[PDB]
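Asker: Take this structure first; my questions come after.
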Amino acid sequence: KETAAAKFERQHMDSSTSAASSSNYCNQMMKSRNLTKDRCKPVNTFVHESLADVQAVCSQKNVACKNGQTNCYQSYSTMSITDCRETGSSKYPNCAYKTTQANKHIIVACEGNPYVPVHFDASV
């Protein structure tokens, strides 16, 4: 079965591209990472840094999570990310997304031993 750590990698990691991300990127990636299977996942962020760099965030700046839990961490450095947001006219199963590249600090929730990212909370 897929661990929470693995699910985070599937939903949020894309080290293969530096940033770029074509206008088609979110349409392709949301589908291929299985985020459009049951519904169109409304919003999702992909991070274009190494797994080690993203994992390292769990030892960086401790910040409150949006849900009020205390196990979130903000990256000290900006990271290359791509925001995917479902378009107004997107209709399942044909999920359509606006692709937006950015360089922002990420905030992830971390859990477990080893202490690793399990949710993407925000970018700031």
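Please note that chains go A, B, ... in the order of the structure tokens, that every chain numbers its residues from 1, and that ligands are numbered from 1 in the order shown.
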Enumerate the residues of range 6-115 of chain A with a DSSP assignment of alpha helix (DSSP H), computed from the backbone, and present them as a ChimeraX atom specification.
Answerer: /A:6-12,25-32,51-56
Asker: Using only C-alpha atoms, which of the listed residues (A:50, A:70, A:60, A:82) sits closest to residue 9 in chain A?
Answerer: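 Closest candidate: A:50.
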Asker: Need to verify the contact set: residue 20 in chain A, 12 Å, only C-alpha atoms, exclusion of same-chain residues closer than 4 positions in sequence. Can you return it as a ChimeraX atom specification?
Answerer: /A:14-16,24-26,47-48,80-82,99-103
Asker: Range 86-92 of chain A: which residues within 7 Å, counting only C-alpha atoms, same-chain residues fewer than 6 positions away excluded, as a list in words?
Answerer: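 Contacts, in chain order: residues 39, 40, 42, 43 and 98 of chain A.
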Asker: Take the residues that were just selected and, keeping C-alpha atoms, output them as a CSV table (one decimal), in the first residue's frame.
Answerer:
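Final output, selection01.csv:
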chain,number,residue,atom,x,y,z
A,39,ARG,CA,-13.0,14.0,-9.2
A,40,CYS,CA,-11.0,16.9,-10.4
A,42,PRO,CA,-9.5,21.6,-7.3
A,43,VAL,CA,-6.0,22.8,-6.4
A,98,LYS,CA,-4.5,26.7,-15.2
Asker: Just how far from CA of residue 108 in chain A is CA of residue 54 in chain A, in Å to one decimal?
Answerer: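 These atoms are spaced 8.8 Å apart.
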Asker: Please measure the separation of CA of residue 45 in chain A and CA of residue 123 in chain A, giving the value in Å to one decimal.
Answerer: 8.7 Å
